[PDB]
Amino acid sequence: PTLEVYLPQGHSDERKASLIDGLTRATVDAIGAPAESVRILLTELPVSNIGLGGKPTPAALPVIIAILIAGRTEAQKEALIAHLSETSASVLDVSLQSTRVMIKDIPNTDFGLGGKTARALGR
């Protein structure tokens, strides 16, 4: 899985490291991907770049995009949403109500690793 977290500026490097740690544990528990297959990118944004209700504010975040190879059940995705959301809210110290998760399913014909498709590789 590839996770991208939109978050505001100002969080310490140790907190970002603790977020990467928790989101990986969250993904392993939720959908069973091996820890080593979880890649995370944090996309820090200045407040000028963040909109909620049409106004600039860091309260619009966090937004987590999770990209998965197709095949996960609705139950797994529900658990992924719950775990990523709770982890993000607890580590970043914000309300669970403020968290957003969006899951992209990628067909195995549309995923590449090392130049071969996931379907070519058995996934």
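Position 1 is the first residue in the sequence shown; the rest follow in order.
When the C-alpha B-factors of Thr57, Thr27, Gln76, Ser85 are ranked from the entry, the top spot goes to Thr57. Reading the B-factor column for the CA atoms of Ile67, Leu42, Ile64, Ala35 in the entry, the top value corresponds to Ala35.
Per-chain ranking of the deposited C-alpha B factor places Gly112 in the middle third. Among the modelled residues of its chain, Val5 has a C-alpha B-factor that falls in the lowest third according to the deposited record.
Among the modelled residues of its chain, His11 has a C-alpha B-factor that falls in the highest third, as given in the PDB entry. In the deposited entry, the Cα temperature factor of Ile81 sits in the bottom third of values across the chain's modelled residues.
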